[PDB]
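The chain below stands alone and is given as structure tokens, in the form deposited in one PDB entry.
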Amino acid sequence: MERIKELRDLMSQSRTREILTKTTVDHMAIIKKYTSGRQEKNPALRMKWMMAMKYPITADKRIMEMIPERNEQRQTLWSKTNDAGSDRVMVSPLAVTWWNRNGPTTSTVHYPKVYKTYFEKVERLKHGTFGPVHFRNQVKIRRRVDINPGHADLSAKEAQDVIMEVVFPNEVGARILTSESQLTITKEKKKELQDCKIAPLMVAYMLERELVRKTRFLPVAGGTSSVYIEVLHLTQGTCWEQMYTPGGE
């Protein structure tokens, strides 16, 4: 209802009508990236010298309704912007710290759910057992190993198809899930993702992290499973070998 009304409003104009009529869905990719003006190089230098300025951040105007303009020490947090279309506002890191130290607090956070793989990494590291270190001439073999274990029963393309089916059922396309494991994973993820309050794109990305398998060419010596490659920096050295057993099974 609201979206179709917005589309009608956009179609009311002349230039917008021409853009919407003479541009195909494919060319939507071209005009999405269409950019005018200067491009700033050296992000490191720009951040280095900009942060000394008062307001180096841009936020939505909604921030005006919670973040006060000043704190108890009269330090300005955000200022009204003149070079903006009324939808943005300049913001200082003082605002970020003020939100972190007095902002609204809630007991529900999606970080442990979206980034469950990293928390699994943390748990694996915490319960790991450390052995001794042997200073011996290390021989490194450059081979292709897996940095993301992914799903054993699912391949890369199968995992991508499952992700598309789970997150965007109405746009899967001509693809049809074939493996029984694919269907089981799809229905399990559907059940777990019911009534979720996260954006579909971000859910798709976390599913990609949990399912798709990523492999890279690394110099390894010893273990080859994913649980060992992630820790390769700590258990492998040019002259020293460190015995380690991740807490995972």
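For the two forms, the rigid core is made up of the largest set of C-alpha atoms that agree within 1.5 Å on superposition. Residue numbers here begin at 1 and follow the sequence given.
Note that the form deposited in another entry isn't included here; everything after this is about it.
Put the two forms on the same core and the Cα of residue 153 is off by 2 Å or more between the shown form and the other one. With the core held fixed, the Cα of residue 186 is displaced between the shown form and the other one by 2 Å or more. When the rigid core is held fixed, the Cα atom of residue 136 travels less than 2 angstroms between the shown form and the other one.
Annotation for the pair residue 83/residue 63: C-alpha atoms approach each other in the other entry, by 3 Å or more compared with this form. In the other entry, the CA atoms of residue 64 and residue 85 move apart by 3 angstroms or more relative to this form.
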